[PDB]
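Let me begin by presenting the structure, written as structure tokens, before commenting on it.
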């Protein structure tokens, strides 16, 4: 039977699903690790033990235990990201969407969801691989990993919570796709991993980590790179927050074993209730428990790895959204409202720069302010709003990704850079937010193709171009069709530094994506804070 | 006789001179101090002793002993600034241009030439007061003062070379205009002093110094303000250069008396031959001997005086040229040539920033470079050239004057700001130099009116507007005609910060002259260098 697959871990029974008035197979909820519960909390994942009989994989698995956003009850705009299933510490499962009829050896794409390393589910609607699998004819896999303290608590030196166990979860899932995707029609020697936000940073992290390099062929990173100021911490800081977390739940702090044990005896929702209290600064776009530069998953520091060429040389396609910042100013910067034009005054502007560059002395806050203020119109509320929006995005997503792409391109075998600047017509968020963080995902998964979701004709077109770019790249390492007649997506080179915009308009090539600011955030400011 | 005047110092015989096919009286070379020769070198000026008989004032006096530019032998472009008379330590004289018939009590204007405090003459052609006196009907006085070491050597504590004796010379000249201009038809209670470059800085210095405040009514400052980075030094630095000068001429350095005596025995051209060797840095737009914040001529520091409102509150009219920098890059920055487009490479650009901000650490040089580089076109030779041109001007003339005008306007009784951005059609300098430093002077003195000099019809028009602005302001404290129908030169206010362009085009008002950069040069950079 087409829905029955015999893997190396046991037999799996999938289900047939409808898509764009046709059908494909779907194996949902396949396990790849032993339930990380009980004494296994904070501990590295262990391979799932084989099973006899057939595993029922026709319904989604549970969602990792996480923090849930309640800032806008009812609002689809924010709930479409919250977990849509029972949360449980027993979260390690993966989903496979296979074409019909089953391929013999087709291209594979593994999706790693984002969420700030503190949230995320594979089961969300926007992450439905059926549209993409069906339309591009690829085996779509979407894994899951532990988030928040559960997947990133770090007491370096102790094997009870080494840290980065969340990245290992992903590696585990990848190991399985490598040892078994062939029984699903997929070709293991041609797997592309791609992510967004924390997922884009995770991809970049597997490219750097020696232990993962051999498990994939190409990579796609969206609005996220490993060297982002929020994507990682030092063992010292990881240790500091591990303890402080323990201090909020009144735990014995005489030793690591002492602390870890107290934490393992707490209910999941108790570590989550106090999670946000460990941050070192009043900040925006920063998360408590995130990957830590331990010395194992990451040999040395990220910066020296990038400068030494110590990383998987392959092809990569990456890009960013026009307005990455807005989403975080709405939730944390004073002056922004989901229901107003949110024009910002001088006072709130400066309160914004303090919140955005939390690790900056008073001289740095001045540098940032000077670099982002039009003194000929200093009290223009729309300019202070759009300036704040820029600071948050440039510092957190764009200038960090441009530093990665430039360092990478020097030893890689192909780079393709994009700039998504199209605001979907059916967005429920205010206009001042613009091309919001993460909203390029719907086009990647092809949601515009389903009529009932209400996208325009040109939007559905954009979605097909993009699915064909991602899918073509995943297969060949080049987003462009061999002898096509369409516009070519030029290659990014240390010299030209070309890139393209991705919107419903005639492709346009450009150069040096936001260099003026990228130089301020990568060269000048870093140096300034060092000298002062 | 109209050409005979009986002053409080003695009788003076002037001469009748032709101007625009008419005539006016001219008393040239009137003495106002005792010859500062011999043991009087570096010493404060003493009032000229009265004389019997009639003093012959029909020919120009001698020029102060100074450094002469020989960078372009023959070139009118540079020689029109060199001394046109025998140089002599016996330089303290003044020139008066009086209308015909002699007025009873007309407005007076006293001109103080510029020259970096190291050069300058009242006798230069461009400084001929006859055109202005005649055309506007004012008594035009042009004084002279000692420059270079001769007028600015400073060994604080010693009465043999207190320093600022060059500013005192000017004060002396002003004291005379105050005690005698009435016998020339001038009204002493309505005298306007105006200057350019070092002269503009001298004016501003009399506005600050208690000892001069009572000797004039209004002030006009052109391309120069007292708080310019080149206009003054500390007693410590003045002392350092006084000694080093002594070290170049092999002088005994055991004591001030020891040093001063050796210097007083040297021929004038010997102190000049080594003058430029005392500068502390490899620099551009910096001069050896300049005014020093002693504690007498200047009560406290200039910055605290400006913040405390400690200065003559009156009306002032001031402005700058579009391209103040160019002239100094030509002479000292590598890459610039009087005969080429002088496109600058990255290497020379950066060699330029080092030369322009001599007192800046490696972090500051980076700030300046980042603030003045278009990274989307970083290797555009015309952009690096125009950027360098801007740095030099903003840091040395514009951003410093805007800081003065803003501090002043807070306690003054009227401010009028202009921006001269018209390149004369007959200029002999290359185009890349633009609206060159000091070339607005010809319009102030009305040279365009004389046909044979070859100016265009619209240029002569511009010259008359300007002479009427300066002359009207000198008389009333407002550049505009009471009930005129012409365009009004708006007043500059802390709030609006309005100003006008001064060119052959329909007057246009604007706001915040170069604020983006002025904030970088007045607030950020200063602070940066302090913290680092």
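Count begins at 1; order follows the chain as displayed.
For all residues, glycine too, the Cβ spot is worked out from N, Cα and C.
Swiss-Prot annotations:
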| type | residues | note |
| --- | --- | --- |
| CARBOHYD | B:56 | N-linked glycosylation site |
| DISULFID | B:64-B:91 | disulfide bond |
| ACT_SITE | B:197 | active site, acyl-ester intermediate |
| DISULFID | B:251-B:262 | disulfide bond |
| ACT_SITE | B:324 | active site, charge relay system |
| DISULFID | B:399-B:518 | disulfide bond |
| CARBOHYD | B:413 | N-linked glycosylation site |
| ACT_SITE | B:437 | active site, charge relay system |
| CARBOHYD | B:454 | N-linked glycosylation site |
| CARBOHYD | B:530 | N-linked glycosylation site |
Separation of alpha carbons, the residue listed as 'active site, acyl-ester intermediate' and residue B:91 (disulfide bond) (Å): 20
Residue B:437 (active site, charge relay system): tally of other CB atoms within 10 A of its CB: 26
CB contacts for the residue listed as 'active site, acyl-ester intermediate' [other CB atoms within 10 A, all chains]: 24
Distance, residue B:437 (active site, charge relay system) to residue B:530 (N-linked glycosylation site) (CA atoms, angstrom): 31
Inter-residue C-alpha distance, residue B:324 (active site, charge relay system) and residue B:413 (N-linked glycosylation site) (nearest angstrom): 28
Euclidean distance between Cα atoms of residue B:64 (disulfide bond) and residue B:251 (disulfide bond), Å: 24
Recorded positions near the residue listed as 'active site, acyl-ester intermediate', in sequence order, restricted to B:56, B:262, B:399, B:413, B:454, B:518 and a 10 Å Cα cut-off: none
Entry from the disulfide-bonded residues list B:262, B:399, B:518 having the most other CB atoms no farther than 10 A: B:399
Fewest-neighbour residue among glycosylation sites, criterion Cβ within 10 Å, set B:413, B:454, B:530: B:530
Per DSSP, three-state class assigned to residue B:56 (N-linked glycosylation site): strand
Using Cα positions only, nearest of the recorded positions to residue B:437 (active site, charge relay system) (B:56, B:64, B:518): B:518
DSSP three-state assignment for residue B:530 (N-linked glycosylation site): helix
Cα separation, residue B:64 (disulfide bond) to residue B:399 (disulfide bond) (Å, whole number): 31
Separation of alpha carbons, residue B:56 (N-linked glycosylation site) and residue B:518 (disulfide bond) (Å): 50
